[PDB]
Structures are given as structure tokens and as C-alpha cells.
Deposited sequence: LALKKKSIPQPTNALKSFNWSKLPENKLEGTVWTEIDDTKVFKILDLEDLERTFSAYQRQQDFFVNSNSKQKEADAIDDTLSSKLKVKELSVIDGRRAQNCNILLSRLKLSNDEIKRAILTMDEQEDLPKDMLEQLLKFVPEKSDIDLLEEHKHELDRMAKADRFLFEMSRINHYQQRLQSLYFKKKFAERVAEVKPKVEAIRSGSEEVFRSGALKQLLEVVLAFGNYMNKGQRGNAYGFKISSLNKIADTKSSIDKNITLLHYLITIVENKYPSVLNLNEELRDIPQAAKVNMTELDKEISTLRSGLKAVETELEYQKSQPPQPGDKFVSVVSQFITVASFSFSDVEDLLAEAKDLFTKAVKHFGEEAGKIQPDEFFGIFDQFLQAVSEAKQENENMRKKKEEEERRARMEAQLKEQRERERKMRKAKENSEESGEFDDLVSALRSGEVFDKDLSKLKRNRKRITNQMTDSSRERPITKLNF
């Protein structure tokens, strides 16, 4: 083994050791620190990196300064911090954003091993060192801290995810049962089968993305009248039911915005975080009640509502994905190969286009009433002077 050890304790080097079972291939086979000790002025090393300064400081300066920032922000003593953890923060001294930061500065195995070396010198310890040591004394510090954070973030995390599950469920259902859309597809099929002479045009169906190409066909009379303007106009007196499309697909714009990777990522943290709280509740239940420890009392209340609430979220999600699968197939898309953002994005762009066309049409119609009054007035005003000329002729 062989290395010598100091006269007094030293500051630590925050390294990560390689397991010995990972050597044999490596540089370290060729390396041997035991000769360095003879070469180095160890006395100088000890003086310049002593543990003392007189305060005990062993945790590295970077990590220590990061703590001192958090502690100056949290404004709690270690006694206060332990009470806040133990009572699951009944005085509300640990906001979400502080718990988050506190979850980054959780003492590690090697940190505690080190401060253990100085357990008889807590009163000499620098602020960060004493904080990390005191925190390592609280039973199941990390998993109480994780549980408190999860608890405080559960309501907003369910509120984030639920509207997205509703959008997929609703849009999927809407697209599947909309009679305005099904009648429009049949009229548009007719249009293409007539316009696309011969072959190119014995279709029994088309891809839903084709909807977003209708406005691309332009009138040979006026080039700002597209085939979509024309559809929307024809349909008024021929298939009026089609005009209920914006109403029947009202939740498509919102379903269009649901990212499925991010949805699943949210359900994933909710699920695994809830299992982690349940696990810590089983550990904590199997431990003798201590005064000022309110974990079992509080976490049980939370799981009751949280487990019911998430179970329901999981149900709405399972069923929403089912309907989406049915809706995808209903329009000839490959299940698995298309996401809601894309599928409902086809429909949402179309609704934006149908909406734009509706308006532009409406602005045309109002020129053709503005200028029909020109033909109505000039018809009556022409004949009025004509009656006063036949009077002037006779007279």
C-alpha cells in the first residue's frame, strides 16, 4: 500500500477515484505515486494547504462558496433547516426554488467520510463544512428533501400535464366524428377527381396534408380567388353543414401544440417521483415515532390525494393515446409514425387557411354590395332624369 500521512490534517482534493476493477488497461498500471513522496517537500504542501484556515476548512473552495451563496439566500441556521426538513416545512421557510438548490448541495459519501474525520471539531468548522456535516446527520436527508420538493411541485405539475392530455383526447375525438370535415373531404375528393383529368384522378381518398394544398390552386379569372375561397363559397348554399368545421374542431389548435416527448417526460417524473415518496413513506412508517418528526403524518395525507390524482391522470392519458391511434388510422396515417403536434398541425394550418379564406371572401362580398348599390342607384337615378325629359318633351 505504502504512502505517508501528514502531521496535521489537510484541505481536500475533490477527485473522483477510479475503481481498481477498472484498471489493468490504463495509464495507472504505469504510474506509482510512492516515489513522489520522497521527491516532494511535503512540509511545504502541509503549510500551504492546511485544514485549519482558526477555522476548519476541508471541503473545496468552489463547492464551499456555492453553499455560502445558498445559505446567505436561505437565511436559515442549521437548527432551522433540520426543523424545516423534519416537519415537512410547516413554517414555510423552504420555497420550491431553495429546495431545488438545496437538492444540488446534498452531502456525498466522500464528503461525509471526510467531515467524519473531524467530528470532534464541529465548532471549528467553516460555515459550509458544518452545514454539510449537520445535514448528513438527519435521517434520510436526501429522500426527505426530494419528497418535500415533489410534494410542493405536484399541484403545478399535474396542472401542466392535464390540459395536454385533454387536448389530445378532445382533438382525437373531434377529428374522428366531425361531420363538417367528412362532408368537406367528399366535396374536395370530387374536386380533384374532376380537375385531375383521367389518371391522377380516380381517387377514393387522399392524404390529409392535401387539405393544405387546396388554396395553392388559383382561379383563371381572378388569381386571389383560390380553390379554397371557391370551396368555402360553394358550400354556403350547397353543403352549409361544412361551415361548422371551426366549431367541431375547436380543440385542434391546442392539440397541435402538444409535444409528446415532453408530455411523457412530465408523466415520467410524476410517476417515478411518486413511487420514490411512497418508498420513503414505507421506510419512515417502519421507524419508531420521534417528536418533531411529521413525515409519516404529512406524507400519508399527500399520497392519499396524490395517488388518486395521478391514477386518474394515467387513465386520461391511456385513453387519449387510444383515441389518437384511432384518429390517426381514420385518416390513413401509419400509427406510431406520426405525433399529435404533426397530425393536428395539418388540421390547425387548414383551419387557419379556411379562416383566412372566409374573411377574404367576406371582404369581396362587401365590394359586391357596395357596387350593387351603384347599379341599383344609377338604375333609378337614370330613369328619374328620363321621366323629367319625357315631361320636358311633352311640355
{"property": "Non-modelled portions of the deposited polymer sequence, in sequence order", "result": "1 to 5, 59 to 87, 430 to 483"}
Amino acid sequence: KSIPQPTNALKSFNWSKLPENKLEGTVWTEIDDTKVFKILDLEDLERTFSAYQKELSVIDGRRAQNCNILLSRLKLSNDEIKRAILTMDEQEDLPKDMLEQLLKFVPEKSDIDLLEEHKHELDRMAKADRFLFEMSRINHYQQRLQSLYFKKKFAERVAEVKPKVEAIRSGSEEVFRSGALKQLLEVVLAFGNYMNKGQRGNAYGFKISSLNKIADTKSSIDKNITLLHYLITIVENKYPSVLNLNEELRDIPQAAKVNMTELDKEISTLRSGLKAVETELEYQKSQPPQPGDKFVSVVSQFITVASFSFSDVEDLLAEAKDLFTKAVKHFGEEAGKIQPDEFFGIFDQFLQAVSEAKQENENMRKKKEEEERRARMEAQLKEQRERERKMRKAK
From here on, numbers count along this sequence of modelled residues.
item	value
Segment of higher mean CA temperature factor, 209 to 217 or 284 to 292	284 to 292
From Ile346, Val354, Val58, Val36, residue of greatest CA B-factor	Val36
Ranked C-alpha temperature factor of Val158 among modelled chain residues, by third	middle
Position of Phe324 among the chain's modelled residues by C-alpha B-factor, lowest, middle or highest third	middle
Entry-reported Cα temperature factor of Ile303, expressed as the chain third it lands in	highest
For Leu263, the third of its chain into which the C-alpha B factor falls	highest
Chain-relative CA temperature factor third for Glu108	middle
